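Data first, discussion second: the structure below is written as structure tokens.
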Amino acid sequence: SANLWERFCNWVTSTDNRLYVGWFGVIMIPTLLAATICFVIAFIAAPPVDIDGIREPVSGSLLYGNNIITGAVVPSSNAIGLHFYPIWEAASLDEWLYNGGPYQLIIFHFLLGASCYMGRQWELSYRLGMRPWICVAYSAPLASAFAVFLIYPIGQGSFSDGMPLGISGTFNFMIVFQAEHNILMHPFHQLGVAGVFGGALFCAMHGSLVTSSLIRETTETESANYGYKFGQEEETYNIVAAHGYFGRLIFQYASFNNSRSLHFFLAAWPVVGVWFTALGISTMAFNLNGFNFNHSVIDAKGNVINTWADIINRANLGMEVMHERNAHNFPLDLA
Amino acid sequence: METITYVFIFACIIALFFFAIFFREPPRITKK
Amino acid sequence: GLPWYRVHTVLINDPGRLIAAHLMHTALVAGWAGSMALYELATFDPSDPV
Amino acid sequence: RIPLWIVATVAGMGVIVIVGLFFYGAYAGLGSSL
Amino acid sequence: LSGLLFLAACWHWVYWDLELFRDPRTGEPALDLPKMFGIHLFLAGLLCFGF
Amino acid sequence: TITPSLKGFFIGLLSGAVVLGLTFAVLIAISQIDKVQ
Amino acid sequence: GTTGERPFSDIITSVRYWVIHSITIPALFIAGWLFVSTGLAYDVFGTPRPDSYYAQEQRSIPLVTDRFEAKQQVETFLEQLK
Amino acid sequence: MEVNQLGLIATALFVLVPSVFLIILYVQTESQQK
Amino acid sequence: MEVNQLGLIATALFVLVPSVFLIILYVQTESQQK
Amino acid sequence: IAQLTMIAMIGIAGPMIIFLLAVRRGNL
Amino acid sequence: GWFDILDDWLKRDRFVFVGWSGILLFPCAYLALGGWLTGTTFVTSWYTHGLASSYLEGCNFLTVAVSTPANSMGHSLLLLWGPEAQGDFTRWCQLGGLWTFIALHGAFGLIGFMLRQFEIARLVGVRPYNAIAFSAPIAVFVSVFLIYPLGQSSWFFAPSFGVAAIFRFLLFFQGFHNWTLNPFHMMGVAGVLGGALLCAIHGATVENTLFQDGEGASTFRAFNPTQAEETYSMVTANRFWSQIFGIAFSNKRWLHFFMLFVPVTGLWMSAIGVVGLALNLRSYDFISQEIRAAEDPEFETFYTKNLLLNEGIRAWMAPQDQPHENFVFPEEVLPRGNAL
Amino acid sequence: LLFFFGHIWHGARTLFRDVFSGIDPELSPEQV
Amino acid sequence: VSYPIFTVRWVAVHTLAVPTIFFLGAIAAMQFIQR
Amino acid sequence: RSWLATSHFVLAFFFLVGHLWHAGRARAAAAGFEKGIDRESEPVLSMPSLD
Amino acid sequence: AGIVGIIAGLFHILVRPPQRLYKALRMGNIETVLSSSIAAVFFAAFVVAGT
Amino acid sequence: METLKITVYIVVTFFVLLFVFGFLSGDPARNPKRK
Amino acid sequence: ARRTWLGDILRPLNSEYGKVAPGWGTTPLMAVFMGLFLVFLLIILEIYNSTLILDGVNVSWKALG
Amino acid sequence: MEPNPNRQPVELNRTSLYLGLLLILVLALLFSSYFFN
Amino acid sequence: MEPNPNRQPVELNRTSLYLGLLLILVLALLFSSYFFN
Ligand code: CLA
Ligand code: CLA
Ligand code: CLA
Ligand SMILES: CCCCCCCCCCCCCCCC(=O)OC[C@H](CO[C@H]1O[C@H](CS(=O)(=O)O)[C@@H](O)[C@H](O)[C@H]1O)OC(=O)CCCCCCCCCCCCCCC
Ligand SMILES: CC1=C(/C=C/C(C)=C/C=C/C(C)=C/C=C/C=C(C)/C=C/C=C(C)/C=C/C2=C(C)CCCC2(C)C)C(C)(C)CCC1
Ligand SMILES: CC1=C(/C=C/C(C)=C/C=C/C(C)=C/C=C/C=C(C)/C=C/C=C(C)/C=C/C2=C(C)CCCC2(C)C)C(C)(C)CCC1
Ligand SMILES: CC1=C(/C=C/C(C)=C/C=C/C(C)=C/C=C/C=C(C)/C=C/C=C(C)/C=C/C2=C(C)CCCC2(C)C)C(C)(C)CCC1
Ligand SMILES: [Cl-]
Ligand SMILES: [Fe+2]
């Protein structure tokens, strides 16, 4: 043995592993495994959870009357708030499952692992001699999970207000958010959809342009994909014919001819846009909400002339007025 | 009955994941 | 060879088997019609048109 | 011949001015709330 | 009618190489679309009228 | 016969042909002014 | 990489351009300004003036309720000093 | 619960039939000599 | 009528699954070169 | 009342300290 | 022949390619954008929605809009010279004639534009996979701005052209159609969201697997515009994702078609769902859920919670959102939780 | 609405049958 | 080169440029309307 | 309290992005491939196939 | 429409398609009949869905 | 229940120690060229 | 090939394959029926949409019996 | 009879199988809830 | 890895398919009644 620990470090760092367990991997793998196992068990068999701390249990598991679309892992109780609630903080598991214990165990383990997952996306890149920053692109979807699972609960003062782990539950988070924050009328959100719409747009753009400008190497009754071999020297498409077309669709100088300037833009746009949408949720976690143009334009006498902004407010009230039925005792919702 | 169906499809996807990763076609270079 | 979504391109210039195909299709559509009717007649209640 | 960098910086400020005029109008015109 | 169209489909599958589909000139399979359209459209209008 | 809405239809059918007219008129004219090869 | 049109860079830089556009550009601006400030715009698009959304007492909305006699119905809405 | 009776077989056939189609093709591709 | 709810899918899977197995094999046999 | 007079001067001041350098040509 | 001479001129390589398509594209495209920018600043929505919708009235870039016609109009095309406007321009604006103007014109502009894609591609001699892709945006516009209101009572319930005016369209579909609960919509977002991922992940993959073809750090200049070798290591990219994610591409031709498929397919699924909402054939409820919820007052899911939110949206919004109904909802009939 | 795509697809595949399977050389674009 | 003046590009450019400034002037005036 | 908290979270985050960016570059700058993979000596091509 | 269809039919049985069109609409290529038929098919579909 | 707390803590300490002592073991070295 | 009774009788109907008319043949005439068709459709559309009213035609469930 | 000279062999690679199965299953996981309703 | 030398190809002729399907179908026609009960 050249030295056990020395060998260990060499095995961990090894680039000859089917899956690169990195040093970040040493933290990721266990944490992600705990998160996933707990989730799966919860989603299927967990008993109802008193999310709002008002002794009104919400069942979100399959075995308790849910299907895939409605089922979810319910956030911890509002009675716990931002308190740390591990299993060893409960008199029993029965109590732990009632107060939404699993939720914290999952979100904390996930966010931890999902962070190291970003850390590993650097490591392997380092071990393979390629440039970093791939992890920097992944920082955008991660910062959203962070904003949605951690930042907003911190800001609002309770993990019960974090996004639930489920389809319909995600819908509740949104609808209510819109009510309390008017997110559609927030610049950061708008930048988010812009990146997301633009992303899908550009994804279709690039996708199509390239696949449409492929050099012929295939038969008429043979897959056009086979005209490429893994590990080629030269390019498989005429980027010069691609630019010629798209350059004529709009106008030349509004078209890319530099593949590197192309793919940077392809990466920059959505990442930056999602970065803002993540900052949006993180900003509205401290109640700096979207534009409030309610009763803005008024006539010469003082009558209120409505806008679409007002029609939006009516929809918003309805959400506000009806959400969390029995949770409120006082006029203003400051929580 | 419904619960079973949901977990079954899910278990099948996880099964697929396994085979997709460890039983893929070995990506061969140049001479393909 | 041919991708799954191209298997029918085997008829693009085979007028005989193309007609044979259309004949099979038409048979299916006609087959559906007759049998879909039987299904309705086996379930439709004429007791009250009002 | 007018230097390009001057053309942009002048048309640049010119845009900030008119756009800044719009933002002022958000606190004075019909788009106010008063 | 479905059963008959079925049997017919089978015949036309086995006996695919009818001369009618071969062009006398080139000796290779060919269908004169423009004239076909004319034939069908005539039959169509003729049946439409009757209906 | 010849209702107000029918009169309006002709007005729109006529004002439309004109637009098509002047457009193609200009086009056919300018097109036959330069194209050397 | 080139076509018949005169390179923008040259034109935006040419003194002749600005000699032209120092006149033209502000002209359109002042025109659009007058278009609003003279209240003409209000009449071209039937857009209500700040004192023309309701009648003095009335608090109801002049909603058009039938397609064919809409134009006539609209005119009737302007009648009640609206 | 109070679900659709046909939900089960609808889901069953929605999975098998097209999955079956693929496998038939894959295995038939896999066994082609050379 | 008052039949078994699972009768349908039991019959469905009893036909498909083994039939599928066969077709998979036959088609894979058929496509073997030479 | 109208401190737009200020901004204006301090605003054109920026491009000036480099414009004068485009005249005296040097060190840009 | 004058035709081939007309052809010659149109298909001439200019700064802004015209073409045969241009005869349809440019006129509509301009009128559509122009009509919007016009109404956005000048025309009101008072006589149609009881709303201010222009800069002239005090609206800002977010609250401005070209609002839909009245519900009285029905599905009328609202021609300037039609029975409604009767040639009058001012009346035409006030009856929301600019909406059908923008809609129909923009519709033909999208037709002309795809035709442009088809025509230019043919000339350049490239494959028309750019036209196939652009079908998804067409389907959406058609399904949402045309088919949907054609299934409803009138154009009035179509999305009005404007920022905020679209936000209400979202909230409406939530409150009334429970649109988020629709499987076709879910496929929609999966494609857009999944498409915005492919866009991000591929670009970043490429920029960080590049070869060194220059001596500068800003590797942008170091690219060869005239093909030759691959500018980035596809082989390295493969082994990377194969070890961090477990799965990885290995066929650029497939990778790029996939980038076409995902977002186009998604937009198409979301279109189908909207086509179903026109007849109001929505995915509103789960019968098994409601039946238990009725018998059992202690059964609560995140699904049931959402429906209560919908009830509130409908009740509090309907009065001012559907003026033509002359809705009057007493305070006591308004569904409300405690305190709020 | 679905058949619209099929029309656009096959229509494309008819007028572009030659450039199907891919393209080939030359370097013309920006010069008539 | 001996570039021309009035071209198709020129037309296009102006179809957007001319109304724009006309609108920018109109909107600019709106900032002073009140009640 | 709202202005300060939101402003400084945005700044703090982007600085975490800046960190990753400059830390990732420094590691590649040091080892010396922050400008691309060596066309000749391509590291990956010297490692066994995991396939 | 029946009569017109009968007339139009006889026409296409007699008059041949102009060279310009035959080249343009890639006639004598059955996959162009499909393109046009589908176009007509969905047109009709949109109509029957409307009525 | 008080036991579970101890076990977890031990477990977490293990991996955390593996992490710190990991990058400490001359991690910049582990790379293609310059080290 | 394979000749048949029916096949021979149908031989003439399928033989004039590539046969085209010279130049712009009947195109301009066709372009006239096309323009007539476009207006025709436009008429029955605007009639259905009640944009084109005609005393005698009542586009409702009425005018029936 | 003469062996029809218009036929080609059909192919489905392993990935396409995986990509396929993934599509079918997840679609089933999405629509099953509505099938049971 | 070394290609395992113990493998042979698998075969199912057309008749065996027919004989098979006949067996499966008639078994289903026999037991279906007892499945619905
Ligand atoms: C002997 C011929 C024949 C007859 C008399 C019938 C009779 C009938 N069939 Mg039927 N059918 C037949 C053959 C026949 N079928 C065949 C061969 C098929 C297989 C393709 C079918 C498939 C079928 C289905 C699937 C259905 C019927 C149905 C029906 C019933 C209602 C028909 C209806 O509403 O028309 C429908 C009318 C149309 C679709 C009009 C088509 C006109 C198109 C759009 C025009 C085509 C374009 C044209 C070429 C343009 C040029 C024309 C020119 C003049 C300008 C009726 C009893 C229905 C029923 O109740 O089931 C029993 C039903 O749903 N049939
Ligand atoms: C080619 C480009 C083009 C196209 C396709 C359209 C299309 C349209 N425009 Mg439009 N428009 C255009 C350019 C275009 N526009 C331009 C450049 C302008 C600026 C002047 C306008 C200004 C404009 C206005 C102001 C309005 C429209 C409107 C419309 C819509 C309805 C018009 C209608 O009924 O058509 C009628 C169709 C025709 C006239 C075509 C007829 C062609 C045939 C072959 C000629 C036959 C004529 C002959 C006399 C007939 C003899 C028959 C006999 C029995 C009498 C329609 C979507 C209206 C709208 O949007 O309503 C909401 C509307 O109010 N347009
Ligand atoms: C008039 C109808 C019609 C006809 C005759 C064709 C004919 C053809 N199409 Mg096509 N197509 C159509 C409509 C039609 N299409 C529509 C509406 C669309 C838009 C969705 C498409 C989209 C399309 C694409 C994208 C492609 C084709 C291709 C092809 C060719 C090969 C078909 C093949 O091998 O697929 C065989 C298909 C399978 C074995 C799988 C089918 C599985 C389906 C999706 C499940 C549902 C089956 C169900 C029974 C359908 C019910 C019918 C419904 C209408 C009631 C062939 C000439 C291909 C081509 O050109 O090859 C290069 C090709 O790539 N088509
Ligand atoms: C509380 C503490 C718990 C401690 C757990 C007990 C110890 C762990 C035992 C692990 C047993 C399972 C073995 C798994 C084998 C395998 O993974 O591939 C086998 C390969 C082959 O290499 C490997 O195999 C080689 C031997 S051989 O080739 O396999 O024979 C070997 O030589 C080499 O060193 C090795 O890299 O292993 C790897 O590539 C290393 C990476 C392993 C990654 C672990 C899983 C990653 C999960 C991420 C989080 C996922 C979240 C949920 C996903 C649904
Ligand atoms: C041969 C013969 C005979 C017999 C015949 C018969 C018996 C027939 C039958 C036939 C039939 C009996 C047919 C049937 C058909 C059916 C069909 C063809 C169906 C189809 C369906 C579908 C396709 C569906 C689809 C879908 C789904 C699945 C869901 C979703 C939606 C949809 C709708 C898409 C006789 C003796 C007379 C004599 C002669 C000989
Ligand atoms: C758009 C664009 C552009 C433009 C831009 C611009 C337009 C800019 C501007 C800028 C500016 C415009 C700047 C300015 C600056 C200034 C400054 C920097 C100043 C300072 C001053 C001071 C600091 C002083 C003060 C004072 C006074 C004056 C009095 C009182 C006291 C005291 C002393 C304090 C360019 C070209 C880039 C290109 C791209 C595009
Ligand atoms: C309606 C109509 C018509 C039309 C007209 C027209 C066509 C007009 C046009 C107009 C126009 C054509 C206008 C334009 C406008 C534009 C504007 C007004 C713009 C503005 C812009 C701005 C404000 C910008 C902003 C910005 C952005 C967005 C980027 C970033 C930065 C800044 C801030 C610079 C006619 C007579 C035919 C017939 C009747 C109906
Ligand atoms: Cl709630
Ligand atoms: Fe790419």
Report the dimensions of chain N along its three principal axes from the alpha-carbon atoms, largest first, rounded to Å. 56, 27, 13
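Using a Förster radius of 30 Å, what is the FRET efficiency between Q:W5 and E:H40 based on their Cβ-Cβ separation? Nearest 0.05, please.
Numbers: r = 22 Å, r/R0 = 0.74.
The calculated FRET efficiency here is 0.85.
For chain G, what does the helix formula give at 222 nm: sum of -39500 (n - 2.57) over DSSP H segments with n ≥ 4, over the residue count, nearest 500 deg cm²/dmol? Working shown, then result.
On the way: 4 runs with 44 residues, N = 82.
Value at 222 nm, helices only, nearest 500: -16000 deg cm²/dmol.
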Prolate/oblate/rounded label for segment Q:1-51 (Cα gyration tensor, a/c 1.5): oblate
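What FRET efficiency comes out for the pair Q:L41/F:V26, r = Cβ-Cβ distance, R0 = 25 Å, nearest 0.05?
Details: r = 28 Å, r/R0 = 1.11.
That gives a FRET efficiency of 0.35.
Work out the P(r) tail for chain G: percent of alpha carbon pairs separated by more than 21 Å, whole number. List each step's numbers first, then the result.
Working: 1962 of 3321 pairs.
Every Cα pair in chain G considered, those over 21 Å come to 59 percent.
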In what sequence do K:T265, A:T219 fall when counting other Cβ within 10 Å, fewest first? A:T219, K:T265
With just the Cα atoms defining each centre, how far is segment A:119-168 from segment E:9-51? Give it in Å. 64 Å
In the P(r) worked out for the protein assembly as shown, what percent of Cα pairs fall beyond 67 Å? 13 percent
Can you name the chain R residue with its Cβ nearest the rotation axis from R to S, and give the distance in Å as a whole number? R:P9, 8
Paramagnetic label zone (point 7 Å from Cα along Cα-to-C-beta, B:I4; backbone N under 16 Å) in chain I: I:4-14
Over the Cα atoms of segment A:1-136, each weighted equally, I'd like the Debye log10 I(q)/I(0) at q = 0.11, 0.14 Å⁻¹, rounded to two decimals. -0.55, -0.74
In whole angstrom, how far apart do the alpha carbon centroids of segment A:240-311 and segment A:31-80 sit? 36 Å
Most fluctuating of K:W179, K:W241, K:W155 in the GNM of chain K (C-alpha, under 10 Å) is K:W241
Of all alpha-carbon pairs in chain E, indicate the percentage at a distance above 18 angstrom. 59 percent
Cβ under 11 Å from P:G26's Cβ, P:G26 left aside: what net charge do those residues give with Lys, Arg +1 and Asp, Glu -1? 0
Asserting the computed 222 nm helical MRE of chain K (DSSP H runs at least 4 long, -39500 (n - 2.57) per run, divided by residue count, to nearest 500) equals -18000 deg cm²/dmol
Interchain or long-range residues, amide H under 5 Å from A:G81's placed H: A:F159, A:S160
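For chain N, which chymotrypsin sites (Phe, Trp or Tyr not before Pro) pass both filters: DSSP loop (anything but H, G, I, E, B) and at most 14 other C-beta atoms within 10 Å? List each step's numbers first, then the result.
Values: sites: N:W3, N:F9, N:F13, N:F14, N:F15, N:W21, N:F33; in loops: N:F33.
Of the chymotrypsin sites (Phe, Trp or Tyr not before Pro), not one in the loops of chain N has a Cβ with at most 14 other Cβ atoms within 10 Å.
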Could you go through segment A:224-240 in sequence order and give the Karplus-derived ³J(HN,Hα) for each residue, using 6.51 cos²θ - 1.76 cosθ + 1.60 with θ = phi - 60°, rounded to whole Hz, and x for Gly and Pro? 5, 6, 4, x, 9, 10, 4, x, 7, 8, 8, 6, 9, 9, 7, 5, 7
With each label point set 7 Å from Cα along the Cα-Cβ vector, what nm distance links K:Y284 and Q:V57? 3.7 nm
Would you calculate the convex hull of the Cα atoms in segment A:192-253 and tell me its volume per residue in Å³? 134 Å³
Show me, bin by bin at 20 Å from 0, the whole-percent P(r) of segment K:22-340 based on Cα pairs. 23, 46, 27, 4
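Taking each residue in K:72-81, count the Cβ atoms of any other chain within 10 Å of its Cβ, then average. What number comes out? Could the numbers behind the result be given before it?
On the way: counts 9, 5, 3, 4, 7, 6, 4, 9, 4, 10.
Mean shielding by partner chains, rounded to a whole number: 6.
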Between the residues K:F176, K:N224, K:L146, the Cα farthest towards the positive end of the dipole of chain K, that dipole coming from +1 and -1 charges on the beta-carbon of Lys, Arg, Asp and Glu, is from K:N224
With everything on Cα atoms, drop me the angle between helix Q:27-48 and the longest principal axis of chain Q, reported from 0 to 90° to the nearest 10. 30 degrees
With no solvent and one point per C-alpha, what does the Debye sum give as log10 I(q)/I(0) for chain C at q = 0.15, 0.21, 0.32 Å⁻¹? -0.62, -0.82, -1.08
Would you list, by chain and number, the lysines whose Cα falls below 18 Å from the Cα of B:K31, excluding same-chain residues fewer than 8 positions away? A:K229, H:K34, K:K252
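Inverting the mean 1/r over all pairs of different Cα atoms, compute the Kirkwood radius of segment K:225-271 and quote it in Å. Walk me through the numbers on the way to the answer.
Details: mean 1/r = 0.0785 Å⁻¹.
One decimal place: 12.7 Å for the Kirkwood radius.
Calculate for chain A the 222 nm mean residue ellipticity that helices alone would give, adding -39,500 (n - 2.57) per DSSP H run of length 4 or more and normalising by residue count, nearest 500 deg cm²/dmol.
Values: 12 runs with 172 residues, N = 335.
After summing the helix terms and dividing by the residues of chain A, the value is -16500 deg cm²/dmol.
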Hey, what's the Cα Rg ratio for segment K:94-203 versus the globular rule of thumb, 2.2 N^0.38 Å? 1.29
So how tilted is helix G:70-79 from the main axis of chain G? Cα-based, degrees 0 to 90, rounded to 10. 80 degrees
How many Å³ per residue does the convex hull of the Cα positions in segment A:240-281 occupy? 74 Å³
Can you figure out the FRET efficiency of L:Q31 with H:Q5, using R₀ = 51 Å and their beta-carbon distance, to the nearest 0.05? 0.15
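In percent, how large is the relative contact order of segment K:22-340, given Cα pairs closer than 8 Å and 6 or more residues apart?
On the way: 397 pairs, mean separation 60.7, N = 319.
Result for segment K:22-340 is 19 percent.
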HN-Hα J couplings of segment A:47-61 from phi, Karplus 6.51/-1.76/1.60, θ = phi - 60°, integer Hz, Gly and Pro as x? x, x, 10, 6, 4, 8, x, 9, 6, 9, x, 10, 7, x, 9
Return the unpartnered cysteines for chain K, using a Cβ-Cβ cut-off of under 4.7 Å. K:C28, K:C59, K:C93
Rotationally averaged projected area of chain A (alpha carbon convex hull; nm²): 27.4 nm²
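Which net charge results when you count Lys and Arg as +1 and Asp and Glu as -1 among the other residues whose beta-carbon is under 12 Å from that of A:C9? Numbers along the way, then the final one.
Working: positive: A:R7, P:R30; negative: A:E6, P:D27.
Its environment carries a net charge of 0.
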Antiparallel as a % of all DSSP beta bridges within the protein assembly as shown, to the nearest 5? 75 percent
Taking only complete DSSP H runs, can you tell me which helices of chain K stretch 30 Å or more along their own long axis by Cα positions and average at least 0.5 on the Kyte-Doolittle scale? K:19-41, K:97-124, K:183-207, K:252-278
Step through the residues of segment F:26-35 one at a time and calculate ³J(HN,Hα) from phi using the Karplus curve (6.51 cos²θ - 1.76 cosθ + 1.60, θ = phi - 60°), rounding each to whole Hz and writing x for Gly and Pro. 3, 4, 4, 5, 4, 4, 8, 9, 6, 4
Expressed in angstrom and rounded, the centroid-to-centroid distance over alpha carbons for chain L and segment O:1-35 is 23 Å
List the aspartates and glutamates whose Cα lies under 18 Å from the Cα of N:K35, skipping any in the same chain that are fewer than 8 positions away. A:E123, K:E207, K:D213, K:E215, K:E229, K:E230
Net charge around K:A65, counting only other residues with Cβ within less than 13 Å of its Cβ (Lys, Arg = +1; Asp, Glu = -1)? -1
Taking Cβ-Cβ under 4.7 Å as the only way to count a partner, pick out the unpartnered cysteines of chain A. A:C9, A:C38, A:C116, A:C135
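No lab work stands behind these numbers, since they all come straight from the coordinates. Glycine gets a Cβ as well: all are built from the backbone with ideal geometry, and neighbour counts include every protein chain shown.
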